[PDB]
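Notes for the one structure printed next.
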Amino acid sequence: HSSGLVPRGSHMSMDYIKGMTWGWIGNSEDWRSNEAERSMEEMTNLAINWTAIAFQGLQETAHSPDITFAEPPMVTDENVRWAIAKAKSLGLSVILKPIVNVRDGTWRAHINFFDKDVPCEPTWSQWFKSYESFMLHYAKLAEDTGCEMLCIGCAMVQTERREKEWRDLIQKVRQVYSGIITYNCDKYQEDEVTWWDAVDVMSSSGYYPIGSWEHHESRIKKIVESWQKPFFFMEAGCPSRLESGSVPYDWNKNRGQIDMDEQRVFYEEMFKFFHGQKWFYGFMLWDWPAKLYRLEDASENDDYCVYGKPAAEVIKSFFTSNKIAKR
Amino acid sequence: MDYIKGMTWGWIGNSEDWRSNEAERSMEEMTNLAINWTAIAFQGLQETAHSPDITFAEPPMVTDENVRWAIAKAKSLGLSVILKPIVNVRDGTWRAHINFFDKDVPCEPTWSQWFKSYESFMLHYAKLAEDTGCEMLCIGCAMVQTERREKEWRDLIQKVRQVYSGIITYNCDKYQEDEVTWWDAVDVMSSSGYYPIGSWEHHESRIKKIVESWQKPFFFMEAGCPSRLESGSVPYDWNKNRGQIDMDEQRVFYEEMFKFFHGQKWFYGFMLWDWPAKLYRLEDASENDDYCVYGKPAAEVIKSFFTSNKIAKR
Ligand SMILES: OC[C@H]1O[C@@H](O[C@H]2[C@H](O)[C@H](O)[C@H](O[C@H]3[C@H](O)[C@H](O)[C@@H](O)O[C@@H]3CO)O[C@@H]2CO)[C@@H](O)[C@@H](O)[C@@H]1O
Ligand SMILES: OC[C@H]1O[C@@H](O[C@H]2[C@H](O)[C@H](O)[C@H](O[C@H]3[C@H](O)[C@H](O)[C@@H](O)O[C@@H]3CO)O[C@@H]2CO)[C@@H](O)[C@@H](O)[C@@H]1O
């Protein structure tokens, strides 16, 4: 498996990702609606060639070992096979992205256990066994459906120090899934994962504020060059809200306070600094819902979604531009 | 260092409870355990396990006047005092999970923010400990996921030493005696002795080796067990089998703990858990499921242990 700028041929240079995330948060009833097919078709007008099929699994608290998946209201295996096949039927390559959320609302980056096993607390080994059942379930589904890529986790910051357990999980994933593996580290954490060598492609969440993108391009370029792996953004986006570009990751910032231009300016700056560099492999944007609002409602919508908003035209002109289209 | 024969008083630290007529009577009754120490214990609060701001000395938490009262009352009863300010989390998360990213990032609160807030809380009470002549200050309790922040703990302890001239301890959690790298920075090692029935001989051997490796005094800053069905298997679990009364279970826990931990010269005794500011009636004791031993057989085990000549010689 071990490889540098190019994943070994048996797992596929690496594609340049022109992507949009579809289906979050992963609600069976939404994915089985008529609306879901129309949503995914409309998403193709972004001139994407990839989609990340994203959906939640659940644990009760940040310190509980048991992860539930594929039970109401979460997506069924049939819902997931449908989304993958529909995406492929539209000419998209697929990243399967199972994401653990915490029922009590805690940000998943805080999921954590004591360093030292004690008789009175759940252990890292218990949580990793549950997380392995979750991720291997979907790794097997990714193999059966021919997903080009699997993302084995997303911003699991307080688990990343568990290097032996992550490398053990990745070895188990390799036994059931033959495609490309990535892990999506959180914003600002590109240099903090000690096991990047164990995946094929490095990726992070590009929620960097307006005015910071030139700085982050220099920072990330040096990290990627130190690892000699391909790198892309597994998430990047910004809500269409007042001052959201200062905190593009904060999905609770200024709800209902619409600013289309703020989202537009975020995208223009991100693409100004991250474009066609040979070490960079593009963008999986965030995000596009299974049930898409009416075009007539777009100018009053405060979501990350770009549908009907000026940012969609920045994305389309970037993805159809010769410099990007040739990558 | 004294041999501690102690009971914790006042938890969770509710101003209304501490100002009740009942509080004085509760503390007087506690002296019948033949204790010579009490830990005056009370909460501060932060919203979540990952929020940096600690609130204290605001309703419903104890006023500074309430804390001066409890310290002076205890001393008026001939007791030495450990002051024990404890941070809790409003959302109910066990404080051992309080934690921040190792690496400062612009999008999250930082260790330095939380430690500044924790410093404000602990230095407030260190100054009150000094002003009131508390013999000892406990600078934290089972803060497991902070203990790796060694520089910040040592920095806090330096600030506490500038304002408080008494004995400092830190109370590590059950099973964590060998896991604190900065024991040297406090005067006395302490832990939470919530070891299950059948395990005390094992833990005496484990802890003896840890304490002799450090060459510092050690005692249990907490130890106890609810009077509940099968509580002795998980003495620390305050939610285990609520309302399912078993006096003998609590009694057996105490007899075993004292069988194995007694007069060893490396060992400096027990701060037991715990005794409320508002004490239940004696006639309600046989239906009470709390850690409190008042009116229960375990109280007689404690009294006979604390008044025994081998423990009286220490
Ligand atoms: O879909 C309804 C569901 O929304 C829940 O909040 C979500 C937000 O709406 C965003 O979709 C948010 O996106 C973040 C993801 O968690 C990414 O993995 C992360 O890296 O950044 C993006 C952008 O902020 O996700 C949350 C869920 O995690 C929530 O409000 C829920 O109650 C509601 O039903
Ligand atoms: O006093 C009412 C208050 O109780 C809260 O629960 C407490 C329990 O009743 C116990 O007193 C428990 O004691 C633990 C302490 O946290 C020690 O520091 C720890 O080391 O172990 C002991 C023994 O288990 O403390 C909790 C509070 O932390 C809670 O139910 C609250 O809602 C209620 O108002």
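All chains are named by letter (A, B, ...) in the order of the sequence lines, taking the proteins before the strands, and each is independently numbered beginning at 1. As the structure lists them, so they are numbered: ligands from 1, and atoms in each ligand from 1. What you see below is based on every heavy atom in this structure, not just the backbone, and it leaves out hydrogens, waters and symmetry mates.
Remark: B:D289 pairs with B:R228 by the salt bridge (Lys or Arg N to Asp or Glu O under 4.0 Å) rule, at least two apart or across chains. Residues passing the side-chain contact (heavy atoms from CB on, under 4.5 Å) test with B:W238, sequence neighbours excluded: B:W94, B:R242, B:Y291. For A:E192, the side-chain contact (heavy atoms from CB on, under 4.5 Å) criterion is met by A:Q189, B:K103, not counting sequence neighbours.
No more than 12 heavy atoms of other residues, nucleotides or ligands sit less than 6.0 Å from atom CD of B:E16.
Using a 30° and 60° split on the angle between ring planes, A:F271 and A:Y267 fall in the tilted class, from 30° to 60°. Taking the six-membered ring where the residue is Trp, A:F233 and A:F274 present perpendicular rings, their angle passing 60° and hence far from 30°.
Within 4.0 Å of ligand 2, the residues that place a heavy atom are B:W11, B:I12, B:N88, B:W94, B:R95, B:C141, B:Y194, B:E222, B:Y236, B:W238, B:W273, B:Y291, listed by chain and number.
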